[PDB]
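Working notes, beginning with the structure itself.
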Amino acid sequence: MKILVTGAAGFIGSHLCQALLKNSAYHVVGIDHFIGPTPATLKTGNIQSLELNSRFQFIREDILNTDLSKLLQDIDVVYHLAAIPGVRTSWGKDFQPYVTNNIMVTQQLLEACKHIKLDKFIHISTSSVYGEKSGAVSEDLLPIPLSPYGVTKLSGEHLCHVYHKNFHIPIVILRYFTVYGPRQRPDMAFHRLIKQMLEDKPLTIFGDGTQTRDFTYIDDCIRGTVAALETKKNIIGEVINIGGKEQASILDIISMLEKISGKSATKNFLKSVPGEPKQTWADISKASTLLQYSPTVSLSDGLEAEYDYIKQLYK
Amino acid sequence: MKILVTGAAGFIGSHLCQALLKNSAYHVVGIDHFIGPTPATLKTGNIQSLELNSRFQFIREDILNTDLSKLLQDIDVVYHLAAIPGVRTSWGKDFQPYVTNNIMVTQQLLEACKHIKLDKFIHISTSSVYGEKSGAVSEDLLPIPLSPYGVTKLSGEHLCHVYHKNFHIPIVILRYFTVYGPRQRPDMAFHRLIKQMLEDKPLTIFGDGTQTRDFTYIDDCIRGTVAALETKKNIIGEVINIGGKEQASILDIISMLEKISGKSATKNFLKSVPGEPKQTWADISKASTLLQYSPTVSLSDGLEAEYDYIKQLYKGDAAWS
Ligand SMILES: NC(=O)c1ccc[n+]([C@@H]2O[C@H](COP(=O)([O-])OP(=O)(O)OC[C@H]3O[C@@H](n4cnc5c(N)ncnc54)[C@H](O)[C@@H]3O)[C@@H](O)[C@H]2O)c1
Ligand SMILES: NC(=O)c1ccc[n+]([C@@H]2O[C@H](COP(=O)([O-])OP(=O)(O)OC[C@H]3O[C@@H](n4cnc5c(N)ncnc54)[C@H](O)[C@@H]3O)[C@@H](O)[C@H]2O)c1
Ligand SMILES: O=C(O)[C@H]1O[C@H](OP(=O)(O)OP(=O)(O)OC[C@H]2O[C@@H](n3ccc(=O)[nH]c3=O)[C@H](O)[C@@H]2O)[C@H](O)[C@@H](O)[C@H]1O
Ligand SMILES: O=C(O)[C@H]1O[C@H](OP(=O)(O)OP(=O)(O)OC[C@H]2O[C@@H](n3ccc(=O)[nH]c3=O)[C@H](O)[C@@H]2O)[C@H](O)[C@@H](O)[C@H]1O
């Protein structure tokens with residue numbers, strides 16, 4: 001089987017490409033233009049491993065500025081992860097790259113796939129389509145995004161449904177809930193908090209730090225994601241939440257980091273940032289049934305793997 | 001009060017400006033960049049009448065290339081109608097202008113409205129956000145667009161909710177269902193079919209013609225739209241369907257046009273086009289409660305009004321043609 005992974009150099013993409021190459025039957029093409037919030041220097045580390053593997057080909061081009069026909073000619077399966085993420089930096093003049101890379105990219109990819117016989121188009125979306133909800137959110141709730149980021153990502157999901165309904169592109173949508181671990185993007189909370197604690201800088205807390213997330217360890221994220229390809233149930237057309245083992249507030253995470261490091265951290269409490277919910281909490285009922293998905297990695301184990309990664313990254 | 005109408009020279013926006021200016025208390029600012037499917041020639045006639053009213057100011061500029069600060073200073077209410085419409089022409093390389101003019105325009109207008117104090121931001125959306133649904137659809141149904149056009153308009157609606165929840169911009173969303181009547185855009189079904197019927201050319205029918213729509217006569221559309229400004233109900237944050245008196249198939253519309261025109265039309269049945277639902281049908285309970293909205297124009301009367309308009313347009317002897 002031959003698999004296209006968009007955003008292959010990023011946090012999740014780089015890990016997905018590695019998981020797929022462990023199956024000797026899979027050949028992987030990754031495409032990534034090295035844009036978004038992660039500096040390109042921190043991303044070439046994500047893929048040095050991948051380039052050595054002979055069943056892996058890499059293309060360093062903009063999806064909007066590449067021959068999509070030739071790229072897709074022999075592809076069985078597309079994993080679409082390329083996007084501009086980041087809830088907090090999608091306002092004012094920063095919005096355009098979200099529309100270009102989350103809406104125009106998705107539309108251009110689906111236009112290239114509409115006359116191709118794919119087995120699956122696996123589109124990666126986000127808990128940020130949901131906005132503020134009481135309790136564990138399942139995939140049938142009316143999504144009302146709180147951020148412009150969330151809007152552009154919901155717009156990509158909608159494009160998948162348009163091309164599925166009209167051209168029978170075999171879409172599956174996965175909604176990730178805050179992914180963490182080694183190679184986590186430097187604009188995310190745990191990367192920032194661990195780097196600040198290691199440099200003896202004040203920890204930046206937005207709001208009161210009592211906000212919670214369904215933190216999903218990267219290896220759990222990748223198991224659900226690979227499962228979306230390998231499951232024997234028809235999941236064509238389904239939206240599936242992929243969430244984590246254990247929910248935690250930022251205050252809780254800072255305590256667990258102080259226990260790993262033995263350090264006492266200075267908290268810097270800043271203004272809340274608009275467009276973030278107080279709580280995310282995935283119902284993973286559907287991923288249970290359809291993918292046999294069960295997250296196994298504890299926050300203490302995950303947090304420590306990310307801590308080690310951050311120490312190695314900056315030494 | 002002072003009202004800004006984006007897309008003021010378009011089909012609906014030109015009728016809304018005309019309806020608002022009948023109120024001596026309303027001053028209207030219209031902005032329109034003369035783009036989208038209607039050629040700039042036919043569009044100038046839409047507003048002919050309006051430049052005479054000294055309470056009307058017309059601005060011919062791109063919302064993305066205009067001082068929105070100067071534009072919004074004195075505005076009490078924004079009617080946001082500017083967009084690229086057309087379900088059928090929203091694929092492939094035609095998609096980018098829908099994204100620029102439906103998503104980036106809405107975001108940039110909401111950004112400019114952050115630090116003024118509107119009474120209302122009345123955002124015009126479409127039944128195309130719902131996709132294929134059975135029965136009369138209410139505003140709480142999960143919208144799953146069938147067309148790239150539908151996606152861009154649903155994205156505008158979500159941007160309204162983001163700017164509402166975060167910055168208390170007092171958004172109201174109206175979902176129109178297929179609007180027809182005098183000044184209807186030349187890319188729409190009735191304009192095309194009437195023009196083909198008038199010229200004794202084959203009538204272009206997509207699919208078998210049994211597809212139905214909630215056709216909204218423009219005066220009905222516009223009464224619902226002014227009601228969104230004038231209701232004493234609190235409708236801030238609400239999505240409201242605006243639908244028509246009578247649902248009909250394309251085959252039924254053609255029969256009614258044959259009766260108005262006295263002509264026997266040749267049918268050219270074409271392959272159905274992607275992105276179109278078989279049916280649209282608004283549940284207008286909400287608009288009835290919240291706006292006192294009740295559509296009163298029959299298809300027979302509305303179709304005759306559009307028939308006469310299309311005939312007059314293509315004689316090219318009226319000043320406005
Ligand atoms: N990290 C999370 O917690 C999280 C949670 C929910 C959803 N997601 C989604 O998962 C996906 C990956 O997130 P991530 O954290 O790995 O992000 P990332 O920025 O590390 O990786 C995405 C990659 O996409 C690439 N890309 C963007 N636009 C491109 C374009 N036009 N052409 C080619 N390459 C392009 C970037 O260069 C980047 O390397 C995204 O779709 C994101 O929205 C992430
Ligand atoms: N006509 C219908 O049946 C119908 C039904 C549902 C909803 N709608 C919505 O009603 C609104 C009006 O549609 P219409 O049929 O009157 O269309 P129209 O094309 O006649 O009017 C829209 C106007 O917006 C202007 N415009 C577009 N982008 C602009 C920009 N960037 N800056 C300035 N002006 C810009 C165009 O020049 C055009 O005159 C749209 O928002 C459309 O989606 C229409
Ligand atoms: O864009 C993405 O890919 C992701 O964006 C969302 O992830 P988030 O929850 O934003 O992740 P994360 O950056 O770990 O912030 C976590 C918390 O820490 C707070 N936070 C953050 C940084 C900081 O320095 N301090 C702080 O308190 C911050 O206020 C927040 O409350 C989606 O939920 C996710 O599904 C995905 O789309
Ligand atoms: O943005 C817009 O302005 C509108 O786009 C949508 O209007 P539509 O329904 O497409 O209108 P309309 O062009 O009158 O086609 C009606 C029917 O005639 C058929 N049709 C059309 C043309 C033709 O020559 N022959 C034909 O059979 C065609 O197959 C279709 O079934 C939204 O529903 C509306 O809410 C609004 O957003």
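Identifiers in this document derive from the order of the structure tokens: chains are assigned A, B, ..., residues are numbered from 1 separately in each chain, and ligands are numbered from 1 in order of occurrence.
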(Q) Select, as a ChimeraX atom specification, those residues of chain B with any atom no more than 10 Å from chain A (distances computed using only C-alpha atoms). (A) /B:91-93,95-96,99-100,103-104,107-108,110-112,129,131-132,140-159,161-167,273-276
Q: Do a neighbour search on residue 191 (chain A) at 8 Å with only C-alpha atoms, toss out local chain neighbours closer than 5 positions, and write the hits as a ChimeraX atom specification.
A: /A:184-186,306,310
Can you pull out the residues contacting residue 30 (chain A)? Cut-off 6 Å, using only C-alpha atoms, and skip same-chain residues under 6 positions away; I want them as a CSV table (one decimal) with N, CA, C and O atoms, in the first residue's frame.
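Okay, result-v4.csv is ready:
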```csv
chain,number,residue,atom,x,y,z
A,4,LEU,N,0.1,8.8,1.2
A,4,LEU,CA,0.5,10.2,1.2
A,4,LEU,C,0.2,10.8,2.6
A,4,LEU,O,-0.9,10.6,3.1
A,5,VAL,N,1.2,11.4,3.2
A,5,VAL,CA,1.0,12.1,4.5
A,5,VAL,C,1.3,13.5,4.3
A,5,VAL,O,2.5,13.8,4.0
A,6,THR,N,0.4,14.4,4.4
A,6,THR,CA,0.6,15.9,4.3
A,6,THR,C,1.0,16.4,5.7
A,6,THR,O,0.5,15.8,6.6
A,8,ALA,N,4.0,16.0,6.8
A,8,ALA,CA,4.9,14.9,7.3
A,8,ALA,C,6.0,15.3,8.2
A,8,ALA,O,6.6,14.5,8.9
A,58,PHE,N,10.2,12.0,0.5
A,58,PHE,CA,9.8,13.3,1.1
A,58,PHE,C,9.8,14.4,-0.1
A,58,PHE,O,10.7,14.3,-0.9
```
(Q) If we count only C-alpha atoms and set the cut-off at 9 Å, which residues sit around residue 177 (chain A), ignoring sequence neighbours fewer than 4 positions away in its own chain? Please answer as a list in words. (A)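 Once the nearby chain positions are removed, what remains is residues 126, 127, 128, 213, 214, 215, 216, 221, 241, 242, 243, 244, 280, 281 and 282 of chain A.
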Q: Step by step, measure atom-to-atom distances between ligand 3 and each residue using only C-alpha atoms and all ligand atoms, keep those at most 7 Å, then write them as a PyMOL selection string.
A: chain A and resi 85-87+126-128+176-179+187-190+192-193+204-207+209+211-213+250+272-273+276+278+280
For the residues in the current selection, export C-alpha atoms as a compact mmCIF listing (two decimals), in the first residue's frame.
```txt
# COMPACT_ATOMS: atom_id res chain seq x y z
CA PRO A 85 -2.61 25.25 14.01
CA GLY A 86 -2.66 27.54 17.08
CA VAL A 87 -5.90 28.76 18.72
CA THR A 126 -9.42 19.26 16.01
CA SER A 127 -11.44 19.44 19.27
CA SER A 128 -11.39 23.24 18.51
CA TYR A 176 -7.64 15.18 17.89
CA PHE A 177 -7.79 16.55 21.46
CA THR A 178 -4.60 18.50 22.58
CA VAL A 179 -1.73 16.16 21.55
CA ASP A 187 3.90 27.21 20.77
CA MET A 188 2.03 24.51 22.82
CA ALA A 189 1.61 24.68 26.60
CA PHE A 190 3.79 21.73 27.74
CA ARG A 192 6.61 26.28 26.69
CA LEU A 193 6.10 25.33 30.41
CA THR A 204 3.39 31.66 31.56
CA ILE A 205 -0.15 30.77 32.70
CA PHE A 206 -3.09 32.21 30.67
CA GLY A 207 -5.98 32.94 33.04
CA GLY A 209 -4.50 27.83 35.19
CA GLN A 211 -8.61 25.27 32.55
CA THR A 212 -8.47 21.51 31.72
CA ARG A 213 -7.75 19.55 28.54
CA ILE A 250 -2.42 23.50 33.74
CA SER A 272 -6.94 34.94 29.44
CA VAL A 273 -6.60 34.70 25.61
CA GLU A 276 -10.09 29.10 24.14
CA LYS A 278 -12.25 26.30 29.85
CA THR A 280 -12.12 19.91 26.49
```
Q) Quick one: residues within 10 Å of residue 297 (chain B), only C-alpha atoms counted, chain neighbours fewer than 4 positions away excluded, as a list in words? A)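 Close residues of residue 297 (chain B): residues 216, 217, 218, 219, 220, 244, 245, 246, 301, 302 and 303 of chain B.
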Q: Please run DSSP on the backbone and report, as a VMD selection string, all residues within region 109-312 of chain A that come out as alpha helix (DSSP H).
A: chain A and resid 109 to 113 148 to 167 189 to 199 218 to 230 250 to 261 285 to 291 299 to 312
Keeping C-alpha atoms, export the residues of the selection given above as a PDB file, in the first residue's frame.
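The result, stored in result.pdb:
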```pdb
ATOM      1  CA  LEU A 109      -6.154  18.290  -2.312  1.00  0.00           C
ATOM      2  CA  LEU A 110      -9.768  17.047  -2.565  1.00  0.00           C
ATOM      3  CA  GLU A 111     -10.029  18.496  -6.164  1.00  0.00           C
ATOM      4  CA  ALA A 112      -6.857  16.440  -7.054  1.00  0.00           C
ATOM      5  CA  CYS A 113      -8.362  13.279  -5.371  1.00  0.00           C
ATOM      6  CA  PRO A 148     -10.962  31.593  13.976  1.00  0.00           C
ATOM      7  CA  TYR A 149      -8.569  28.574  13.931  1.00  0.00           C
ATOM      8  CA  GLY A 150     -11.527  26.285  14.818  1.00  0.00           C
ATOM      9  CA  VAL A 151     -13.649  27.895  12.074  1.00  0.00           C
ATOM     10  CA  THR A 152     -11.024  27.207   9.329  1.00  0.00           C
ATOM     11  CA  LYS A 153     -10.597  23.600  10.569  1.00  0.00           C
ATOM     12  CA  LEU A 154     -14.402  23.006  10.581  1.00  0.00           C
ATOM     13  CA  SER A 155     -14.445  24.478   7.008  1.00  0.00           C
ATOM     14  CA  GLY A 156     -11.910  21.720   5.985  1.00  0.00           C
ATOM     15  CA  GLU A 157     -14.211  19.005   7.519  1.00  0.00           C
ATOM     16  CA  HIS A 158     -17.164  20.487   5.556  1.00  0.00           C
ATOM     17  CA  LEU A 159     -15.097  20.418   2.290  1.00  0.00           C
ATOM     18  CA  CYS A 160     -14.429  16.684   3.013  1.00  0.00           C
ATOM     19  CA  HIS A 161     -18.248  16.076   3.282  1.00  0.00           C
ATOM     20  CA  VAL A 162     -18.849  18.038   0.002  1.00  0.00           C
ATOM     21  CA  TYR A 163     -16.294  15.905  -1.956  1.00  0.00           C
ATOM     22  CA  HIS A 164     -17.447  12.623  -0.233  1.00  0.00           C
ATOM     23  CA  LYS A 165     -21.146  13.305  -1.111  1.00  0.00           C
ATOM     24  CA  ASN A 166     -20.506  14.544  -4.686  1.00  0.00           C
ATOM     25  CA  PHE A 167     -17.428  12.510  -5.841  1.00  0.00           C
ATOM     26  CA  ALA A 189       1.608  24.680  26.605  1.00  0.00           C
ATOM     27  CA  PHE A 190       3.791  21.728  27.742  1.00  0.00           C
ATOM     28  CA  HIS A 191       6.755  22.650  25.435  1.00  0.00           C
ATOM     29  CA  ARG A 192       6.613  26.280  26.693  1.00  0.00           C
ATOM     30  CA  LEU A 193       6.102  25.329  30.414  1.00  0.00           C
ATOM     31  CA  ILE A 194       8.937  22.700  30.383  1.00  0.00           C
ATOM     32  CA  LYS A 195      11.343  25.086  28.506  1.00  0.00           C
ATOM     33  CA  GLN A 196      10.541  27.933  30.978  1.00  0.00           C
ATOM     34  CA  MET A 197      11.007  25.637  34.032  1.00  0.00           C
ATOM     35  CA  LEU A 198      14.407  24.396  32.610  1.00  0.00           C
ATOM     36  CA  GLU A 199      15.648  27.982  31.821  1.00  0.00           C
ATOM     37  CA  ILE A 218       1.317  11.247  20.817  1.00  0.00           C
ATOM     38  CA  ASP A 219       1.762   7.413  20.774  1.00  0.00           C
ATOM     39  CA  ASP A 220      -1.999   7.038  21.674  1.00  0.00           C
ATOM     40  CA  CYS A 221      -2.884   9.631  18.929  1.00  0.00           C
ATOM     41  CA  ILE A 222      -0.808   7.635  16.374  1.00  0.00           C
ATOM     42  CA  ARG A 223      -2.382   4.238  17.407  1.00  0.00           C
ATOM     43  CA  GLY A 224      -5.930   5.656  16.819  1.00  0.00           C
ATOM     44  CA  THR A 225      -4.734   7.264  13.551  1.00  0.00           C
ATOM     45  CA  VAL A 226      -3.108   4.062  12.113  1.00  0.00           C
ATOM     46  CA  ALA A 227      -6.247   2.190  13.352  1.00  0.00           C
ATOM     47  CA  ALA A 228      -8.368   4.473  11.032  1.00  0.00           C
ATOM     48  CA  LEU A 229      -6.495   2.906   8.065  1.00  0.00           C
ATOM     49  CA  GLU A 230      -6.277  -0.711   9.373  1.00  0.00           C
ATOM     50  CA  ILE A 250      -2.417  23.495  33.738  1.00  0.00           C
ATOM     51  CA  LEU A 251      -1.895  23.910  37.560  1.00  0.00           C
ATOM     52  CA  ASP A 252      -1.950  20.066  37.864  1.00  0.00           C
ATOM     53  CA  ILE A 253       0.592  19.747  35.000  1.00  0.00           C
ATOM     54  CA  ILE A 254       2.946  22.337  36.652  1.00  0.00           C
ATOM     55  CA  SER A 255       2.916  20.218  39.921  1.00  0.00           C
ATOM     56  CA  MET A 256       3.724  17.033  37.949  1.00  0.00           C
ATOM     57  CA  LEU A 257       6.610  18.859  36.147  1.00  0.00           C
ATOM     58  CA  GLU A 258       7.987  20.141  39.528  1.00  0.00           C
ATOM     59  CA  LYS A 259       7.920  16.472  40.685  1.00  0.00           C
ATOM     60  CA  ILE A 260       9.890  15.344  37.578  1.00  0.00           C
ATOM     61  CA  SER A 261      12.441  18.251  37.778  1.00  0.00           C
ATOM     62  CA  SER A 285     -17.179   5.693  22.667  1.00  0.00           C
ATOM     63  CA  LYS A 286     -17.105   5.763  18.816  1.00  0.00           C
ATOM     64  CA  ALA A 287     -13.274   5.351  18.527  1.00  0.00           C
ATOM     65  CA  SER A 288     -13.688   2.405  21.015  1.00  0.00           C
ATOM     66  CA  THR A 289     -16.298   0.605  18.771  1.00  0.00           C
ATOM     67  CA  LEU A 290     -14.884   1.461  15.296  1.00  0.00           C
ATOM     68  CA  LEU A 291     -11.051   1.480  15.828  1.00  0.00           C
ATOM     69  CA  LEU A 299       0.256  11.868  32.040  1.00  0.00           C
ATOM     70  CA  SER A 300       3.273  11.157  34.356  1.00  0.00           C
ATOM     71  CA  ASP A 301       4.886   8.828  31.723  1.00  0.00           C
ATOM     72  CA  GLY A 302       3.971  11.111  28.757  1.00  0.00           C
ATOM     73  CA  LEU A 303       5.009  14.321  30.562  1.00  0.00           C
ATOM     74  CA  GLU A 304       8.379  12.748  31.443  1.00  0.00           C
ATOM     75  CA  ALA A 305       8.971  11.594  27.818  1.00  0.00           C
ATOM     76  CA  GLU A 306       8.212  15.220  26.674  1.00  0.00           C
ATOM     77  CA  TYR A 307      10.452  16.640  29.495  1.00  0.00           C
ATOM     78  CA  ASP A 308      13.348  14.418  28.293  1.00  0.00           C
ATOM     79  CA  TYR A 309      12.703  15.403  24.652  1.00  0.00           C
ATOM     80  CA  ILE A 310      12.744  19.149  25.525  1.00  0.00           C
ATOM     81  CA  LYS A 311      16.032  18.735  27.528  1.00  0.00           C
ATOM     82  CA  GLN A 312      17.608  16.880  24.499  1.00  0.00           C
TER      83      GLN A 312
END
```
Q) Any idea what the distance is between atom 15 (O, counted along the ligand's line) of ligand 4 and CA of residue 10 (chain B)? A)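 Distance between the two atoms: 17.1 Å.
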So which residues are near ligand 4, meaning at most 6 Å away with only C-alpha atoms and all ligand atoms counted, given back as a PDB file with C-alpha atoms, in the first residue's frame?
```
ATOM      1  CA  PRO B  85     -23.010  33.445  -4.692  1.00  0.00           C
ATOM      2  CA  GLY B  86     -23.711  30.527  -7.120  1.00  0.00           C
ATOM      3  CA  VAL B  87     -23.755  26.888  -5.940  1.00  0.00           C
ATOM      4  CA  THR B 126     -28.095  30.839   2.775  1.00  0.00           C
ATOM      5  CA  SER B 127     -30.132  27.586   2.854  1.00  0.00           C
ATOM      6  CA  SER B 128     -27.010  26.113   1.085  1.00  0.00           C
ATOM      7  CA  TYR B 176     -32.412  33.047   2.862  1.00  0.00           C
ATOM      8  CA  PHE B 177     -33.942  30.387   0.647  1.00  0.00           C
ATOM      9  CA  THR B 178     -33.716  30.824  -3.177  1.00  0.00           C
ATOM     10  CA  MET B 188     -30.211  31.968 -11.340  1.00  0.00           C
ATOM     11  CA  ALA B 189     -32.920  29.508 -12.591  1.00  0.00           C
ATOM     12  CA  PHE B 190     -35.896  31.898 -13.244  1.00  0.00           C
ATOM     13  CA  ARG B 192     -32.246  31.850 -17.312  1.00  0.00           C
ATOM     14  CA  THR B 204     -31.927  24.291 -19.637  1.00  0.00           C
ATOM     15  CA  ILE B 205     -33.141  21.831 -16.935  1.00  0.00           C
ATOM     16  CA  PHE B 206     -30.552  20.264 -14.577  1.00  0.00           C
ATOM     17  CA  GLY B 209     -36.604  19.073 -13.121  1.00  0.00           C
ATOM     18  CA  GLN B 211     -36.015  19.183  -7.733  1.00  0.00           C
TER      19      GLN B 211
END
```
Q: as JSON, numbers by chain, please: all residues of region 63-205 of chain A that backbone DSSP puts in strand (DSSP E or B).
A: {"A": [77, 78, 79, 80, 120, 121, 122, 123, 124, 125, 126, 137, 171, 172, 173, 174, 175, 176, 179, 180, 203, 204, 205]}
